[PDB]
Amino acid sequence: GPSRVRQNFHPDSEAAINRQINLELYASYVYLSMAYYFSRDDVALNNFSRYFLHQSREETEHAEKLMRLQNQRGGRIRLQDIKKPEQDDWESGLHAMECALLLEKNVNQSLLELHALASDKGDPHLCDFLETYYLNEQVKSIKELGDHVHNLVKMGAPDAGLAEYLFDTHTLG
Amino acid sequence: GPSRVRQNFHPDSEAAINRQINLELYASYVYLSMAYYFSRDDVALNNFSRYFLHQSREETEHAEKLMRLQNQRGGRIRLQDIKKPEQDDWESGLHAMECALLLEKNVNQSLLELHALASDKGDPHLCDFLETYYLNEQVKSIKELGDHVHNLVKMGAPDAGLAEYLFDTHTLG
Amino acid sequence: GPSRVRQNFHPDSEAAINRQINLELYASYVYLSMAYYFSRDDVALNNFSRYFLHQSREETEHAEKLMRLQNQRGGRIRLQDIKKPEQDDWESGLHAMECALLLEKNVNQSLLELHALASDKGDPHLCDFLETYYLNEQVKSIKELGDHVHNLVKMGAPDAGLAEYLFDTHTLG
Amino acid sequence: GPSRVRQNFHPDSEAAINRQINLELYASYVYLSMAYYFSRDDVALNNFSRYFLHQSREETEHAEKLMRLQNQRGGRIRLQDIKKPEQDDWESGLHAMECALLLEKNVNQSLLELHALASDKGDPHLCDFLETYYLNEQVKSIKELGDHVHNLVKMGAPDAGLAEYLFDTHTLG
Amino acid sequence: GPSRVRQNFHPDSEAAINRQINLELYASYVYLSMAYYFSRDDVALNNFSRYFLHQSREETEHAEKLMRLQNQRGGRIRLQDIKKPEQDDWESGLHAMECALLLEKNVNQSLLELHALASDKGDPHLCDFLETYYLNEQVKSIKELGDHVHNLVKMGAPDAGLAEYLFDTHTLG
Amino acid sequence: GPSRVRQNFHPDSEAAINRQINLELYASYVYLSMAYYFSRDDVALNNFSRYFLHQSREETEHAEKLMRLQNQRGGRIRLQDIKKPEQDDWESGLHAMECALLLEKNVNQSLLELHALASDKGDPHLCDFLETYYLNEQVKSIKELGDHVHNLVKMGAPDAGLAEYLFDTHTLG
């Protein structure tokens, strides 16, 4: 139009928000895949399943809050295909946790690049939005996954027969 | 393996369930797109938005129950890309309702084909699963959307200035 | 003195905060004027009246929080005349909403300039204050007013006899 | 028009009500200024601050009830600039109380002149409105401020170091 | 390692966080010293004591939240000696309040330097952490202490026999 | 002065109480260090962390009760630097427990020496104070830590992958 609401909102920021929406939906899909891997009859770690299903739902919330931001600022949402996750078989509780940690660091790098763009475009509203709802959530998620990876490694996962079972019961229960 | 749980579960049924999972996730994504279209500053039909967001969440439930079925029967979930919806701009409340009706009939045709396959493979568990959780839900959804389309058409949508506003307040409120 | 509390608080920031206090009080006065326009016997849109009276009270809160900030940082409040609003007769519900939208964008531009000044003066406390209490409130207000303008335009306001009446009852009720 | 509601409402009364609205808003602004003076780091009399903030809010109520009267009688509200208060620095608790007392007597004189005009124009509704909501409130406010001035003078304000502190705690607490 | 969690976290920021932890613990110790000065038999200002004990506990919280941040970001906490406070005898309620005000401004300068470093290193997570939990808390603490100093000075502390006693009862009670 | 409260309170006892205050604060700091070691991403034993944070807070209470005693008896508190703990990296749950046990025995030896001094100076109030609040608390703490060390040793800590994890969940949970 521009939109009668649009103010101080650079087209590059609008485009970067659309790419972030897609990445959050991708993260949601990765976690959904992991959740149902852990409910296979030959895996059957029900608290790993619950943990990743919860993470999946949180990532859909992350996507939705960026879709809301786009509308609030007068941008136009442009959805793209949600790519399937990299693996069909997540191999073990430890491997899934390590893949989740890498995913969260990759999404964090994307958010830091978006914050740098918002700063370059003099968009303090977008900077604050990312700082308030994304950057600390990402740090907390990365730390939690790092904690989980460390315990599973120390316990002897994936080959130590009791490790993932006990972690499933005692940490994720 | 086969899976130590697998019994009377044809590979074609397993593959058809994976395709249905993808279609339900696609339907979820279409509805998510519609929900955020209706919260644009130049659309602002908040109960259309709420209605389609609810439909989106129900379709993710539909996908998840098929993912659970795959695991229960000892099949292996194989996820694929979730294609973006056909439209970025859903044009009007009436157009979105008509597109939703067509989507629901297309998903119903897929479910009827899956039921015919399950029947051909002598899989009464899969037949009952579809009849119990999918086929009546689809008939109810198609009827509700048809009701909504009829009222919006009769009221003069999309060009009659009061029609979508009043429908948003009085039916979807 | 300087004030025994003052630290990292530039005189230009102090002056810009005094100008912002005046602008928030002006916005409060505009909304008060609009509120009582809608309770005229020849307008009588009581929910438009309530809506703008609420917006008036929120703007006085906005002014007061900046007056508090000035004292917290050791600046000195310098009040100026609160100019009367631009119009005595706001013409219609749609016209008042469009004028409110323009007011909110003008106040937002002032807040963005204040944030740029605070950034230039290395005042992260003032930057955070604006981001936490002003910039997202402004984006939400601009979006809400844009939504309202769109519905009133589509409904045929101001000339369509039912439009402002129905909007008053169903959105602002 | 005249307004289809207007009856026995002289144009001079309508104009005098508009001037009274402005004076009540001015009184509100004076009290707001005083409230934030008392929360300066070098004044810090928090119950003086609370007292004057309350008086400020009451004066805005006084303005609003006259704006309502104008609409009820079919007059047209005509707002004017709200002049800034006379002082930026209110010097002491005693000085602020003495200035408030003078303000209230000046506003009372304006209300008595308005009542005399209403009487001259044979407007018993306007006479009763002023008697019911303004004249006794003004007498009570003037008496309360006189009480406060007397105690502060007797206690040795502003130079007696304990006087304003103790009055703030024990009377305004 | 680096830590499998570490991302966008500069070694200089890690070191500056360790120095800030020490400074917050120092502030805690200063306040603890002041608290027990006020419970001496020859001072016996129990609400000054309570006030400073509370401030001591808040500073330990400030230290702990930075220790948590270090772990969240994958830095390594490096503790140093907590230096004893500057004075054994805090002389008076007024002198302790003035020393606390200077301490809070010195800690604020350290936090502003840390924020400038975080900005220089492109660490928006660390910038937001400081803005969210430290910079406004510091401004509020400095303002409260300035208020307290002003009242005690005006009341005639420390030599006016009633001043600190009355302030202890009426402000800090 | 002496203090108008001082009675039967030897200067050597006063000095020994000041040294004990410092030692209790040191113990508090050791435990604080241990608490945050266990929340590292590469340790992540959250109940070890909670356990040592609680012990840290108890030691600050121990310091404060001696500071209160000094004031009650008319002595003068003389604070000294709180030395940093001996280790930055506590190596394992078992090593931290063994270091805590040694710390508690060293603090107990200090308390026994203080009791012997109080006895030598004919100070039954100080003897009773130590017996009532310190000596049994120390015996209980040493016994609890010995219990914890024994279980961790028997379970195969630190090298047995499940030992510290299971102890964290089942004893410290």
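Note that the chains take the letters A, B, C, D, E and F in the order they are written out, and that residue 1 is the start of every chain.
Operating definition for what follows: a contact is a pair of C-beta atoms (placed from the backbone, for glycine too) under 8 Å apart; a residue touches a chain by one contact, two chains touch by 3 or more.
Undergrad: I'd like to know which pair from C-D, D-E or C-E copies the A-F interface, where a copy means over half of the contact pairs are the same by residue number.
TA: D-E
Undergrad: Out of D-E and C-D, which chain pair has the most contact pairs?
TA: C-D
Undergrad: Go ahead and note the Å separation of the Cα centroids belonging to chain E and chain F.
TA: Whole-Å distance between the two chain centres: 25.
Undergrad: Counting in whole Å, what is the centre-to-centre distance of chain B and chain C, each centre being its mean C-alpha position?
TA: 43
Undergrad: Report the inter-chain centroid distance for chain D and chain F in whole angstrom, where each centroid is the mean of the CA atoms.
TA: 63
Undergrad: Can you tell me which residues of chain E touch two or more of the remaining chains?
TA: If we look for residues of chain E contacting two or more partner chains, we find 3-5, 71, 74, 127, 131, 143, 146, 150.
Undergrad: Could you please specify the touching residues of chain E with respect to chain C in the complex?
TA: The touching residues are 101, 105, 108-109, 112, 115-116, 119, 127, 130-132, 135-136, 139-140, 142-143, 146, 149-150.
Undergrad: Under the touch definition given earlier, write down the residues of chain A that touch chain F in their complex.
TA: Residue positions touching the partner: 143, 146-148, 150-151, 154-156, 160, 162-163, 166-167, 170-171.
Undergrad: Could you pull out which chain D residues touch chain E in their complex?
TA: 41-44, 161-162, 164-166, 169
Undergrad: Please give the residue numbers of chain A that touch chain C in the complex, ascending.
TA: Residues in contact with chain C: 3-5, 7-8, 71-74, 122, 124-125, 127-129, 131.
Undergrad: Where on chain E is chain F touching in the complex?
TA: Contact set of chain E toward chain F: 1, 3-5, 25, 29, 32-33, 36-37, 39-42, 60, 64, 67-68, 70-71, 74, 76-85, 88.
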